[PDB]
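A.B. asks: What follows is protein.cif, mmCIF, C-alpha atoms.
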data_coords
loop_
_atom_site.label_atom_id
_atom_site.label_comp_id
_atom_site.auth_asym_id
_atom_site.auth_seq_id
_atom_site.Cartn_x
_atom_site.Cartn_y
_atom_site.Cartn_z
CA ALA A 1 23.02 6.36 5.38
CA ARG A 2 24.72 3.91 7.74
CA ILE A 3 22.68 0.88 8.81
CA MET A 4 23.66 -2.75 9.37
CA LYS A 5 22.37 -5.05 6.63
CA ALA A 6 23.95 -8.49 6.99
CA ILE A 7 21.75 -11.03 8.78
CA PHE A 8 19.87 -8.96 11.36
CA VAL A 9 16.40 -8.40 9.92
CA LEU A 10 13.89 -6.70 12.21
CA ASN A 11 11.13 -5.84 9.73
CA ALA A 12 10.76 -9.34 8.29
CA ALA A 13 12.51 -12.67 8.84
CA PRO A 14 14.58 -14.36 6.07
CA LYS A 15 11.49 -15.89 4.46
CA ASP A 16 9.35 -14.81 1.50
CA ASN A 17 6.24 -16.40 3.01
CA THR A 18 3.76 -13.53 3.39
CA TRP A 19 -0.04 -13.50 3.36
CA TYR A 20 -2.52 -10.67 2.78
CA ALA A 21 -6.31 -10.62 2.52
CA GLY A 22 -8.88 -7.98 1.65
CA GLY A 23 -11.97 -7.08 -0.34
CA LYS A 24 -12.81 -4.92 -3.35
CA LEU A 25 -16.11 -3.48 -4.57
CA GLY A 26 -17.11 -2.34 -8.05
CA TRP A 27 -18.75 -3.58 -11.24
CA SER A 28 -18.67 -7.21 -12.39
CA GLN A 29 -20.81 -7.12 -15.54
CA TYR A 30 -22.25 -4.43 -17.80
CA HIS A 31 -23.52 -3.89 -21.34
CA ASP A 32 -21.89 -1.22 -23.50
CA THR A 33 -20.95 -2.68 -26.88
CA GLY A 34 -23.20 -4.60 -29.25
CA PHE A 35 -26.85 -4.14 -30.20
CA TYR A 36 -30.02 -6.03 -31.12
CA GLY A 37 -32.60 -5.89 -33.89
CA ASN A 38 -35.61 -6.21 -31.60
CA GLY A 39 -38.34 -3.61 -31.21
CA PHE A 40 -38.54 -4.13 -27.45
CA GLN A 41 -35.43 -2.52 -25.97
CA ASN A 42 -36.30 -1.11 -22.55
CA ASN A 43 -39.27 -2.96 -21.05
CA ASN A 44 -38.85 -1.19 -17.72
CA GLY A 45 -37.28 2.14 -16.78
CA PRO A 46 -36.92 2.30 -12.97
CA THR A 47 -35.29 5.22 -11.16
CA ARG A 48 -32.66 3.35 -9.14
CA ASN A 49 -29.39 2.04 -10.60
CA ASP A 50 -28.30 0.06 -7.54
CA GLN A 51 -25.44 -1.95 -9.03
CA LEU A 52 -22.73 -2.88 -6.53
CA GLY A 53 -20.61 -6.03 -6.61
CA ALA A 54 -18.53 -7.29 -3.69
CA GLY A 55 -15.34 -9.30 -4.08
CA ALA A 56 -13.02 -10.83 -1.50
CA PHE A 57 -9.38 -11.19 -2.55
CA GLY A 58 -6.58 -13.16 -0.92
CA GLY A 59 -2.93 -13.40 -1.89
CA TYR A 60 -0.03 -15.48 -0.61
CA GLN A 61 3.52 -15.89 -1.91
CA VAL A 62 5.37 -19.20 -1.56
CA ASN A 63 8.48 -18.52 -3.64
CA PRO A 64 10.45 -15.40 -4.74
CA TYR A 65 8.73 -15.32 -8.13
CA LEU A 66 4.96 -15.02 -7.74
CA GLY A 67 2.05 -15.53 -5.36
CA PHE A 68 -1.34 -17.23 -5.53
CA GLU A 69 -4.46 -15.07 -5.52
CA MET A 70 -7.86 -16.38 -4.44
CA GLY A 71 -10.95 -14.29 -5.12
CA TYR A 72 -14.55 -14.50 -3.94
CA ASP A 73 -17.52 -13.28 -5.97
CA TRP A 74 -20.29 -11.99 -3.71
CA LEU A 75 -23.23 -9.60 -4.10
CA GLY A 76 -24.23 -8.05 -7.41
CA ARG A 77 -28.02 -8.07 -7.60
CA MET A 78 -30.52 -5.84 -5.79
CA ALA A 79 -33.44 -7.79 -4.33
CA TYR A 80 -34.22 -8.16 -0.63
CA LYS A 81 -37.86 -7.52 0.29
CA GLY A 82 -40.42 -10.24 0.94
CA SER A 83 -42.57 -11.95 3.56
CA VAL A 84 -40.93 -15.36 3.17
CA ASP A 85 -37.85 -16.36 1.18
CA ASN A 86 -35.89 -19.55 0.54
CA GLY A 87 -32.45 -20.55 1.78
CA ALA A 88 -31.97 -24.21 0.87
CA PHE A 89 -28.75 -23.83 -1.11
CA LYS A 90 -26.22 -21.01 -0.84
CA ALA A 91 -24.27 -19.60 -3.79
CA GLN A 92 -20.74 -18.18 -3.68
CA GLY A 93 -18.18 -17.27 -6.31
CA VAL A 94 -14.65 -18.66 -6.03
CA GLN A 95 -11.78 -17.26 -8.08
CA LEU A 96 -8.39 -18.86 -8.72
CA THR A 97 -5.56 -16.78 -10.18
CA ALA A 98 -1.87 -15.95 -9.87
CA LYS A 99 -0.81 -12.52 -8.60
CA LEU A 100 2.58 -10.94 -9.25
CA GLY A 101 3.73 -7.53 -8.05
CA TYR A 102 6.37 -5.44 -6.29
CA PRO A 103 6.64 -2.40 -3.94
CA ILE A 104 8.21 0.99 -4.67
CA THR A 105 9.68 1.73 -1.25
CA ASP A 106 7.61 0.50 1.70
CA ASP A 107 3.95 1.42 1.20
CA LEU A 108 3.24 1.65 -2.54
CA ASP A 109 3.17 -1.53 -4.63
CA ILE A 110 1.80 -2.72 -7.97
CA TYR A 111 0.41 -6.16 -8.83
CA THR A 112 -1.44 -8.06 -11.55
CA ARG A 113 -3.64 -11.15 -11.28
CA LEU A 114 -4.25 -13.59 -14.14
CA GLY A 115 -6.53 -16.61 -13.90
CA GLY A 116 -10.23 -17.44 -13.85
CA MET A 117 -13.44 -17.36 -11.83
CA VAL A 118 -15.68 -20.28 -10.85
CA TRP A 119 -19.11 -19.75 -9.30
CA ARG A 120 -22.29 -21.80 -8.86
CA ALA A 121 -25.92 -20.90 -9.57
CA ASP A 122 -28.71 -20.75 -6.99
CA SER A 123 -30.81 -23.91 -6.84
CA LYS A 124 -34.55 -23.79 -7.49
CA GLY A 125 -36.67 -22.74 -4.53
CA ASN A 126 -39.59 -20.55 -3.51
CA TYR A 127 -39.00 -17.86 -6.13
CA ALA A 128 -41.48 -15.81 -8.16
CA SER A 129 -40.69 -14.69 -11.71
CA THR A 130 -42.60 -14.06 -14.94
CA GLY A 131 -39.80 -13.42 -17.43
CA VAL A 132 -36.22 -13.20 -16.18
CA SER A 133 -35.06 -15.98 -13.86
CA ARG A 134 -32.61 -18.86 -13.46
CA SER A 135 -34.25 -22.29 -13.56
CA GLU A 136 -31.08 -24.22 -14.37
CA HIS A 137 -28.28 -25.84 -12.37
CA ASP A 138 -25.05 -25.11 -14.23
CA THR A 139 -21.56 -24.11 -13.10
CA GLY A 140 -20.34 -20.65 -14.05
CA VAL A 141 -16.73 -20.49 -15.20
CA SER A 142 -14.78 -17.77 -17.01
CA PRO A 143 -11.08 -16.76 -17.28
CA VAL A 144 -10.02 -13.22 -16.36
CA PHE A 145 -7.00 -11.11 -15.43
CA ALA A 146 -6.86 -7.71 -13.72
CA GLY A 147 -4.14 -5.32 -12.64
CA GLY A 148 -3.79 -2.46 -10.19
CA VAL A 149 -1.83 -0.92 -7.33
CA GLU A 150 -1.88 -1.00 -3.52
CA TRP A 151 -1.16 1.52 -0.77
CA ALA A 152 -0.31 0.76 2.86
CA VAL A 153 -1.57 3.22 5.47
CA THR A 154 -2.16 1.44 8.78
CA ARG A 155 0.10 -1.18 10.36
CA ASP A 156 -2.41 -3.86 9.36
CA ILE A 157 -4.87 -2.02 7.10
CA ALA A 158 -4.03 -1.05 3.53
CA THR A 159 -6.07 0.00 0.49
CA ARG A 160 -5.80 -1.10 -3.13
CA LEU A 161 -7.28 -0.16 -6.50
CA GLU A 162 -7.74 -2.66 -9.33
CA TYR A 163 -8.21 -1.87 -13.02
CA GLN A 164 -9.00 -3.77 -16.22
CA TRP A 165 -6.03 -2.38 -18.16
CA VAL A 166 -2.38 -2.05 -17.15
CA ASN A 167 0.03 0.82 -17.79
CA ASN A 168 2.71 -1.63 -18.93
CA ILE A 169 2.77 -5.10 -20.47
CA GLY A 170 4.80 -8.06 -19.25
CA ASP A 171 4.54 -11.25 -21.30
CA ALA A 172 1.60 -12.45 -23.40
CA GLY A 173 1.21 -14.55 -26.53
CA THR A 174 -2.57 -14.66 -26.88
CA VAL A 175 -5.61 -13.03 -25.30
CA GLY A 176 -9.10 -14.51 -25.29
CA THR A 177 -11.65 -12.27 -23.58
CA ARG A 178 -15.08 -11.73 -25.13
CA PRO A 179 -16.84 -9.79 -22.30
CA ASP A 180 -13.72 -8.17 -20.84
CA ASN A 181 -10.16 -8.71 -19.64
CA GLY A 182 -10.33 -7.25 -16.15
CA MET A 183 -12.53 -5.36 -13.70
CA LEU A 184 -12.08 -1.97 -12.04
CA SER A 185 -12.90 -1.61 -8.34
CA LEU A 186 -11.76 -0.31 -4.95
CA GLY A 187 -10.93 -2.42 -1.91
CA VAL A 188 -9.08 -2.70 1.39
CA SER A 189 -6.81 -5.48 2.67
CA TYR A 190 -4.58 -6.39 5.61
CA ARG A 191 -1.34 -8.33 6.14
CA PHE A 192 -1.22 -11.65 7.98
CA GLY A 193 -0.11 -10.53 11.43
CA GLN A 194 -0.47 -12.45 14.69
CA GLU A 195 1.53 -11.91 17.88
CA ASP A 196 2.19 -14.66 20.42
CA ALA A 197 0.50 -14.85 23.83
CA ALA A 198 1.39 -16.71 27.02
CA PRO A 199 -0.16 -16.46 30.54
CA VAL A 200 2.62 -14.52 32.27
CA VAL A 201 1.65 -11.94 34.89
CA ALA A 202 5.06 -10.26 34.98
CA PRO A 203 4.07 -6.56 35.25
CA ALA A 204 0.60 -7.14 36.70
CA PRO A 205 1.04 -7.91 40.45
CA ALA A 206 -1.31 -10.73 41.44
CA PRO A 207 0.12 -11.99 44.78
CA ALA A 208 -1.61 -9.66 47.22
CA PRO A 209 -1.15 -11.37 50.63
CA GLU A 210 1.79 -13.58 49.66
#
Represent the supplied structure as structure tokens.
C.D. replies:
Amino acid sequence: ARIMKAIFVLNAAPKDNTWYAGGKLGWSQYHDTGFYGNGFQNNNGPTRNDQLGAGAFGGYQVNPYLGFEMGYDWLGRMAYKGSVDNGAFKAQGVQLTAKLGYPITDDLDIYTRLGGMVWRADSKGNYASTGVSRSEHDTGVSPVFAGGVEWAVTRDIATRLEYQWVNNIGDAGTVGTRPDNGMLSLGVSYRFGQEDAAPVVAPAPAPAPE
């Protein structure tokens, strides 16, 4: 083991300003605990449990302490089949949380995000319902914190797995989570890489005649 390590960095410059973005898929909501005293439990019993939620995550560190993590709540309901639909207003979930983690060598790293999610409801349009539907215009907001690990495979394409619970526990004085604390899911991300480019035909010979 004999390598120069003074001020000649080749892997990364002397700056802790990195940026990585990706997306995870899994379950956002689900009923498991709690019950009801109503005779009508299961009104319908289909044969397709199509429940998949998409989520875009983005992290960026500004100082050698922690980095900001922005999430995006997308997809979650199964319904896309009709002659004519409505598209007046578009809905999209936006999450704001702080992510803190660290690598193990140079490919395996662990991180945890603590914050909240803020999404909007779909405005009223040409919809058709006779029981369950959203006829209100409120803003969805709820605090949450998840934790998982990440693995780097490609030069600009890594994969990460997020969970609701963490193997260890850092610092915490109080926890207020009725529905849940975190969410388990699988996703893939990539580092912020961009090489320079300048019109310079050095190798490629252009001048044919002169």
A.B. asks: Using only C-alpha atoms for the distances, tell me which of A:101, A:203, A:148, A:93 is nearest to residue A:60.
C.D. replies: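 Closest to residue A:60, using only C-alpha atoms: A:101.
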A.B. asks: For this structure, which residues satisfy the selection - the PyMOL selection byres ((chain A and resi 187) around 8) - when it is evaluated on the file as given? I want them as a ChimeraX atom specification.
C.D. replies: /A:22-25,159-161,185-186,188-189
A.B. asks: Could you jot down the atom CA of residue A:16 to atom CA of residue A:62 separation for me, Å, one decimal place?
C.D. replies: 6.7 Å
A.B. asks: How many Å separate atom CA of residue A:166 from atom CA of residue A:147?
C.D. replies: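 Separation of atom CA of residue A:166 and atom CA of residue A:147: 5.8 Å.
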A.B. asks: Skip stretch 150-158 of chain A itself and residues of its chain fewer than 3 positions away, then list as a list in words all residues within 6 Å of it, counting all atoms listed in the file.
C.D. replies: residues 107, 108, 109, 188, 189, 190 and 191 of chain A
A.B. asks: Step by step, work through what the PyMOL selection byres ((chain A and resi 171-176) around 12) selects in the shown file, and finish by giving those residues as a PyMOL selection string.
C.D. replies: chain A and resi 112+114-116+142-145+168-170+177-182
A.B. asks: Contacts of stretch 72-76 of chain A at 9 Å or less, counting only C-alpha atoms, minus same-chain residues fewer than 2 places along, as a ChimeraX atom specification?
C.D. replies: /A:23,27-29,51-58,70,78,91-96,117-119
A.B. asks: Take atom CA of residue A:138 and atom CA of residue A:123 and report the distance between them in Å, one decimal.
C.D. replies: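 A separation of 9.4 Å between them.
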A.B. asks: Give as a PyMOL selection string each residue that has an atom at most 12 Å from (8.9, -18.0, -8.5) in the file, counting only C-alpha atoms.
C.D. replies: chain A and resi 16-17+61-68+98-101
A.B. asks: Out of A:121, A:84, A:106, A:130, which residue has the shortest atom-to-atom distance to residue A:11 when counting only C-alpha atoms?
C.D. replies: A:106
A.B. asks: Which one of A:140, A:113, A:89, A:201 sits closest to residue A:126 if you count all atoms listed in the file?
C.D. replies: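 Using all atoms listed in the file, residue A:126 sits closest to A:89.
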A.B. asks: Which of these, A:33, A:42, A:49, A:97, has the shortest distance to residue A:71 once you count only C-alpha atoms?
C.D. replies: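 Closest to residue A:71, using only C-alpha atoms: A:97.
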A.B. asks: Excluding stretch 43-47 of chain A and its own-chain neighbours fewer than 4 positions away, which residues fall within 12 Å of it when counting all atoms listed in the file? Please give them as a list in words.
C.D. replies: residues 38, 39, 131 and 132 of chain A
A.B. asks: Neighbouring residues of residue A:135 were defined as those with any atom within 9 Å, considering all atoms listed in the file; residues of the same chain fewer than 2 positions away were excluded. Please report them as a count of residues only.
C.D. replies: 5
